Every structure is written in structure tokens, then in C-alpha cells.
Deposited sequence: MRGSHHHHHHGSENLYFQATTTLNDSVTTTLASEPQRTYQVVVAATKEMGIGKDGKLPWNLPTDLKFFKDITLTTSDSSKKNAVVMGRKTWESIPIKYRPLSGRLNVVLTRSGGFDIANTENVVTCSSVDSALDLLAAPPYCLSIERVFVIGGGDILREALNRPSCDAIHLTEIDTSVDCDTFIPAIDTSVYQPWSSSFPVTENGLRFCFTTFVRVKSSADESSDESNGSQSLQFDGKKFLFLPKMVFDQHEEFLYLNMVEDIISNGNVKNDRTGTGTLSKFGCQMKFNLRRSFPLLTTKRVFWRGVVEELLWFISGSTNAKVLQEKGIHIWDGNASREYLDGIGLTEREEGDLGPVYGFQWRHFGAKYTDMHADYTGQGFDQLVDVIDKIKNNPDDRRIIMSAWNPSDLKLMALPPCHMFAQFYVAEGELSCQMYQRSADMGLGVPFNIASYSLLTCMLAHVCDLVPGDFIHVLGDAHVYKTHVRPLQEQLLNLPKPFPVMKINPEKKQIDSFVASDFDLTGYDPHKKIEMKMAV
């Protein structure tokens, strides 16, 4: 018995039809439907499209059957002629049985169920459903026929397209996978956004500039890179190698608090700043007066008190300097179209006082269609360690700001200056590049928290994060 994937277009209210018609015209979705049902890995094989009599008859009489595919119509007249391109069958169960048998065992690369309302209510959440390819349409236009909600206990988002507007309607394409993933069409498999990271790492190792510094540490490097992650359906925590999510969460709440005390993190078991806060390190960069843990005026201070005179990590800076985080929140709520929604840790006057100069040195925010997007500029990007952490960090910040400002998250755009791989990390990164991505996890923030200073680690729920091993 063969397995199948569902292809369906649906309103917010999960509606699929008006009066035996579609209450929308979307040529981009028709093309997607064509592309995903027609095209094959093997140019010799073809796909099966399984549909109800109602769906078969809905198709204009000229364009029947759906060209290029074996059209399986399910029928119950006890009235439709079988051909090379058309087969009748009594049930979904029987169609699946037939396609597991010669000649279709070899002839048919994949099987798509495409409706109508009756067949989808059965098909959608059966375990032999490998994947659902949903066109999500942002409308509430009246529908008479509905399908169930996707069962998110057993389906997880693989990919979700950048939303598009056609004929007055906003929509996107979201693939869910039942939880290999190699059953996906190649075109959908390749849409996993983790490949934007993996292809960049490959490109830097293959084609980076070779370089060196005063300690004899070596690097392969590229200059001026961009990666864009969709936050709408899933959260880009890398799956090819475990990311330190707990440290992402704790470090960001620490930044938001305005703290420059590494001991606040050390006390919680987060050691990522320990190397830049030690007696030995501070001595070694000429800060012999500075207290262990006092990083100086780094991110937290610049974000909450830009321009204030720094003294020590213990001073009360209340009402001193410019509170960029409060300013950003104010613009997002009260002037969403503003082109200066900016928060920056880059303060040339203060660099001499900092245990380390800011690397994620500025972010801009944008609002459209009720969604909050973020673009962050990273001057120095270690692909192996820092880049996956920073993707998760600014994606989280985007989600928190959207949440507190009564919006939904849009996209995170990651801009890199000097993007490098250490010569020593080339071997382990090439092992990591043999791993195939798993679906990203889904991240939910506690609805009872509405104020940027009021979060704790337990407010962030990650579901379905199972990355490849150490």
C-alpha cells in the first residue's frame, strides 16, 4: 500500500469552496499545484493525482484529464471511462493498493491526494499521509466546505514561503511533514532554510580567502553575506548540530535587563562570557583596575543607556543615556512605518572600556501586514559557533518584540561582514554538512507576559527540536 501527500488551498477559517467554486483566483497557486503534482525526479516516471468525482467534474471539460499525471478518480455510481491517463477506484484504500502493484509500482514516482472536501476529511490525518502542501490564504471570505485543522501533534512545518499578494489576496505555501524526509519533492526538500546556512559554510570553505593573525590562528573568509529566515511557521534553531538554546534565552534576557555583569550568567550556569571577564583576560588587554566579570559598557548598557558615562557594573544608570529598546518598542506600537526603528551597540567613544567590542552591532525593525521583521548587521561572523547562536538570538528578540507589541513575527535577515571558518573547524564542519536538516522546531511565548522586562526562561516553549548528535 503506497503513501501519499496532500495538496490543498484553504482560507484562515480552513475553507476550500464557496458554491462548488473557489472564492479566489490565484494563478501563482495554480502554477504551484501544477509544478508539485506534474514534475518528477525521474524524467521517465510520472505522478498519480487521486481525486473525488466532485473534484474530477469541477475541472473544465477541456483540461481533463490533468496532463502529465495518472488521474485516479474515486467513484460510487453503484459512469467514467478508464484510459492510459484515467483510472476509476472504489476507495482511497483501493487506489493506494493499485499503485503499489505493477505497472504503477515502477511507473508512479509519488502519489498526491488533491480533494475534494469528502476525500480530504479522510486523507488529511491518516498515518499514510507523509506530508501536507497547504496554500494558506489570508482571507475570511465565506466558504461552505472546510477541512480539519492540520494535527500539529503529528505534523511539523518543513518550509513556508515568503508571503505573496495576487488579485487582492495575501497567501503563502507551507509544507508540513509527518513526524529521512526524502519522500518530499526535491523542490520542497531544498526549501528548508537551514540549507541557506549549510550552502554558505560550503561556499566559504570552498572559495573563502585564506588569512592569518599575530598568534598564528588561520581562517577562510568571505565578505558581505545575507541569509533570510521565515519566523512565521517555525523557529530557525539549527538541526544539523545542537544550538545552545538555553544560553541564547539567558544571554538575551541579560542584554534586555541592561546588565554588563558576566557573573549574572555564571550564577545561572551560562559560561559563554567567562573567557572575556576573567582576571587573566582583563589584565591581558590592560583593564587591570576592572573587577572580574565587569565587561564594561557592552550590549546591555548600549541598548538601555547609550551615551551615559560608564563607571562600573554595580552603578544605577536609571534615567542616564538613551534607552534604545524602549524607543524601538514605542515606534513599533505608535509609528510602525518609521524608517529609523534601530537599536545599536556601536559606540566608538566607549570601545576602549569594553572587554570585547560589539560584534552584532546594529538591528533595524520593519512592520507590514501585522508582522515584525528584523535585519541585523554582524561585523564578524564565525560560521561554526557564533552564527547559529546569533540567528537564534535575534530571531528570539524579533519574536519577543512582536509579542509585547501585539504583532506576529515576519522575517529575520542576517547580514554578515567578515564571515569566516577557522582552518581547525573545516574537518568537523564537513562532517556536519553530511547531516540532512530535520524540520525546525516551533517556539511559543507565554501569552500572560506583555512587558519586555517581565520574561523568564520558562516563558519560551520549544516543541519538536531534535538535532543531529554532537
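Residues of the deposited sequence lacking C-alpha coordinates, numbered from 1, fall in the stretches 1-35, 114-115, 217-238, 530-536.
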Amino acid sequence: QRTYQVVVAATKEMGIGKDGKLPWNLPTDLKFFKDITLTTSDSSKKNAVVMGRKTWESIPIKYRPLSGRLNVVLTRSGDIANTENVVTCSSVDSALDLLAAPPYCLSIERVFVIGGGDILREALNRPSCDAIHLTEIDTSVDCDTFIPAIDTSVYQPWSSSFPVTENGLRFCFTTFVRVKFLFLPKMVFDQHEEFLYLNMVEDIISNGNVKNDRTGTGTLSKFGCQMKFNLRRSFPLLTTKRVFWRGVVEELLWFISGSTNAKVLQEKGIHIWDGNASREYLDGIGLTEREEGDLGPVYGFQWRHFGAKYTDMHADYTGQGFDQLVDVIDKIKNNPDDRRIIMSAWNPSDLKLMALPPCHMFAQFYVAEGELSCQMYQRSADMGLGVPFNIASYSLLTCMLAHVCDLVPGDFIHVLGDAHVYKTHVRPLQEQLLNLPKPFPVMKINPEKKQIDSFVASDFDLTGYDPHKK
From here on, numbers count along this sequence of modelled residues.
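Look at the C-alpha B-factors of 282-290 and of 235-243. On average they run higher in 282-290. Looking at 327-335 and 92-100 together, the entry lists the larger mean B-factor for 92-100, computed on C-alpha atoms. When the Cα B-factors of 144, 136, 194, 350 are read from the PDB record, 144 comes out highest. The PDB entry gives the largest Cα B-factor of the residues 262, 256, 341, 105 to 105.
Residue-level temperature factors show residue 440 in the lowest third of its chain, judged at the C-alpha atom. Ranked by Cα temperature factor within the chain, residue 409 sits in the lowest third according to the deposited record. In the PDB entry, residue 116 places in the highest third of its chain by CA B-factor. Sorting the modelled residues of the chain by their CA temperature factor places residue 228 in the lowest third. Residue 126: CA B factor in the highest third of modelled residues in this chain (values from the PDB entry).
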